[PDB]
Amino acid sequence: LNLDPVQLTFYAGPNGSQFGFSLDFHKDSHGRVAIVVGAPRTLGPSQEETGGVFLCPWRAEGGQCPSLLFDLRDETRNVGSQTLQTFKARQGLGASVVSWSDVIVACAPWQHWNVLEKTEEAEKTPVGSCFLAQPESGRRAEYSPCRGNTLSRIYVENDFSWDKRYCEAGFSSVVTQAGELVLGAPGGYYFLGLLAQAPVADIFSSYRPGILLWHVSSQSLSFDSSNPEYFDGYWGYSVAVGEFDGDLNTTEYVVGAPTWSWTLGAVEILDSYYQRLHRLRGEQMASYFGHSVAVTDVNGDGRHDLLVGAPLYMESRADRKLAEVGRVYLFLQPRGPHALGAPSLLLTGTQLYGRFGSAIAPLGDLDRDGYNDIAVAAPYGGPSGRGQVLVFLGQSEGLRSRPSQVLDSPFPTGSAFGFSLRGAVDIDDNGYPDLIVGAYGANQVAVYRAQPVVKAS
């Protein structure tokens, strides 16, 4: 309703860098809010794309941001009669970024890895990797849970079980309130997908430069499966956390698997041991149900609700025609131990190929009426196809079914405005939470400041 679309603030990265591809708010140890921005095609040392991360101080006028530096050099370690190799070219550092406390985690899902041993090898594959920074102290660490030292032939002889070579760890990421980093790795176990978790504190304390293969003992990884419903499900394409079993001591995980079951799609809610508590199935094959997930209580009863995006959903129209517009599903969490039901609300796109539901951001309570609200992106939506973000307000029965406000992309065609979104943080400290919108195709980020409601609704 009350985001201000007149005086925006723009931040900008290098041309071609895809600055804005991912972003998050970051609070320093004194609570000053900044914006961390991933730019997964930023040029590295060999004038080769490797990705990069920027840490943008808040300023109404926006502008350029300093880099948050990470080591971009390929590494080699000859040890235990093997050769370990990391390959950073085109790794897409900054394809995901998240902030927790005063730490920043930025991931490179396509970082490759190989292990040589005489004439054999593991195979050079994208295991992905994450880079952790504490900007104030300069501390750095890394976490790459799918690196292995097993040779190719061993996987063949063992029928490709527990094969974490194509994980793409860091493809998605999230951090629990207690500080457990949770990485989605949709290539995990031969393209089933897996999750990897470890406390941030333990990642820092167990990491040293140059080791390349090291143990994080408190880490926990999900499981392989022989069930074909999971094959090529990309479980972990998106991830989130929240409270779904009534017990405030345990954190539950929400995992999108947009091609689960021969592309039907699914989203699963799991306990922290990866035991499945509920499964939501997509409605339509190939709609990419689970591309995005969001967790927030929208109807003010204190219980977290789940939103799921299916950006390629095809709506039925006149004369047995189908129109690809995208759809968002709202599931309200019921009182006490009970299955999430059918969806409480379906929000459906209007613009052909607009991809409504491609991203969904909790806004906290934008208009301050006591119900949390959300922003849904349609990166190619709007009447001109340039991208729109739509705001939906919470209320006692769930969400309003018509947007209270629509933000049309201020960028040119192709910017993919809305592809990343983050809300619920008050960046200018005026008592209203604000919204940041990435437009990686234009290498920019737009900040929308929430302002006092003009007339309430």
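Counting begins at 1, following the sequence as shown.
Chemist: Comparing 249 to 257 with 102 to 110, where is the mean C-alpha B-factor higher?
Modeler: Looking at the record's C-alpha B-factors, the answer is 249 to 257.
Chemist: So, looking at the entry's B-factor column for Cα atoms, which has the higher mean, 302 to 310 or 270 to 278?
Modeler: For C-alpha atoms only, the mean B-factor is higher in 270 to 278.
Chemist: Between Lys124, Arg368, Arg386, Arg320, which carries the biggest CA temperature factor in the record?
Modeler: Of the candidates given, the C-alpha B-factor peaks at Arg320.
Chemist: Identify, among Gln197, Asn78, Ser292, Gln284, the residue whose C-alpha carries the highest B-factor in the deposited PDB entry.
Modeler: Among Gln197, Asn78, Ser292, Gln284, the highest C-alpha B-factor in the entry belongs to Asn78.
Chemist: Sorting by Cα B-factor within the chain, modelled residues only, which third would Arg327 end up in: lowest, middle or highest?
Modeler: For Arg327, the deposited C-alpha B-factor lands in the lowest third.
Chemist: Would you mind ranking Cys65 by its C-alpha B-factor against the rest of the chain and naming the third, lowest, middle or highest?
Modeler: Ranked within chain, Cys65 CA B lands in the highest tercile.
Chemist: So where's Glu168 on the chain's Cα temperature factor ranking, which third?
Modeler: Lowest third, going by the recorded CA B-factors of the chain.
Chemist: Could you tell me which third, lowest, middle or highest, the C-alpha B-factor of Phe87 occupies within its chain?
Modeler: Ranked within chain, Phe87 CA B lands in the highest tercile.
Chemist: Compare the C-alpha B factor of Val175 with those of the other modelled residues in its chain, then answer lowest, middle or highest third.
Modeler: Its C-alpha B-factor belongs to the lowest third of this chain's values.
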